[PDB]
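Presented as structure tokens, the chain that follows is alone, the form deposited without the named molecule.
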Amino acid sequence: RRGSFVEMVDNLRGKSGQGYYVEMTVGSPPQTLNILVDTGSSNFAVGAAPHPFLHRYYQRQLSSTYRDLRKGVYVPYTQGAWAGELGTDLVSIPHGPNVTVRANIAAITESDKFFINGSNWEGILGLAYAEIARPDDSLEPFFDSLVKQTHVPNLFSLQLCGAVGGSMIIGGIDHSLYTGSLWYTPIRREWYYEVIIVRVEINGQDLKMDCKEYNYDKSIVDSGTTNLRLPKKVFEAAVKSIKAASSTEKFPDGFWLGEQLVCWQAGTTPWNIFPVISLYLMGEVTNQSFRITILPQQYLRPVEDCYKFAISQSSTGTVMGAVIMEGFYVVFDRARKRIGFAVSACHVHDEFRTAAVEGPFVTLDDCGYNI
């Protein structure tokens, strides 16, 4: 649905490179917890046992509405790992829809390199599809349950604002979160939020690769990942191109690898020397595509003026992480098996440049990886 979701606006907080989170309550009576919003996974899991980096955690023994599934689960992430016990309980989202649903919950009892010290989040809400749920696809993911048990429409939208805060609009599309119009790309397959990139540009200049290279072996939208991550081949070409475009200043070879910071006196970052990056995505009409363009203010992340280069290599395909998303209002329109992009009303920019979403472009031919 469309309108004004004034109670849901600004319901996200983050700690800069540590993830965006929403407040949720579980159990009876309600226990409160901060939950990482992760479009790149499908399990709802919460710490359920003391751990050095948890201020609080879920206490199953205090919930009258708790139920044990008498089954264990473990998950490894691109980053870390946790193990737990499956169960169900009542779940609410205070600054969300006014509903309460029964959902599956992994009670996290052991973990390594998962809970980030000082992140202030205690759990994870995987918003992807059941196909990538652990132990298997029979564990209904949270959002599925929310849609089946209430009249919340099958759809949510995300405006992540860098600098961390933002908005998770559950069930609708809030028009005050974007300017211009919304462009949609088909979701290739309901597992991850898979999309297809058909062309890449650095400051208008085409990288000029077979478009299969761009989606090998998949391209995804993943709010649980900080960086823009590109297949090694695409990554090398892009960094070459980006180096060429910012030559008026030279940087340690290890800046381009994420291994070193770079700094400028306060408020003098030479943004203009850095090119803009553009991904063309497949449109909904045949042979049409559209373009999203991000600024250096997106791929150069600030670090407690200092910056880390937030584009990196991947062997698991393209991950359009938070670097990409912070430019845009992103609509995960699941009812319609599409994802929408519009210019974020909150994205960070200077006076000379802004993120963009333009289209349509005629595009010939095939870009998706097949098994």
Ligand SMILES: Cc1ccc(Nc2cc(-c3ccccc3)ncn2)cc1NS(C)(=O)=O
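What we label the rigid core is the largest C-alpha set whose atoms superpose within 1.5 Å from one form to the other. Only residues modelled in both forms are compared. Residue positions are given as counts along the sequence shown, with the first one as 1.
Keep in mind the form deposited with the named molecule bound is missing from the figure; the text below concerns it.
- This chain lacks the partner; the member of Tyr184, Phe114, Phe235, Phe142 within 4.5 angstroms of the named molecule in the bound PDB entry by a non-hydrogen atom is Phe114.
- Put simply, of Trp121, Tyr178, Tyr299, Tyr214 only one has a heavy atom within 4.5 Å of the named molecule in the bound PDB entry, and it is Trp121.
- Of the heavy atoms in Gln79, some are within 4.5 Å of the named molecule in the bound PDB entry.
- In the bound PDB entry, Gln18 approaches the named molecule with a heavy atom inside 4.5 Å.
- Although the partner is absent here, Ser223 is a contact residue: one of its heavy atoms lies within 4.5 angstroms of the named molecule in the bound PDB entry.
- In the bound PDB entry, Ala48 stays away from the named molecule, with no heavy atom inside 4.5 Å.
- Stretch 71 to 79 is the contacting one of 261 to 269, 71 to 79, 282 to 290, 170 to 178, since its residues have non-hydrogen atoms within 4.5 Å of the named molecule in the bound PDB entry.
- Contacts to the named molecule in the bound PDB entry (heavy atom within 4.5 Å) from stretch 309 to 338: none.
- Once you line up the core between the shown form and the other one, the CA of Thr78 is the only one from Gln205, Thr150, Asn120, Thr78 that shifts by 2 Å or more.
- Every Cα shifting by 2 Å or more, across three or more consecutive residues, marks a moved region; comparing between the shown form and the other one on the rigid core, the sole such region is 78 to 80.
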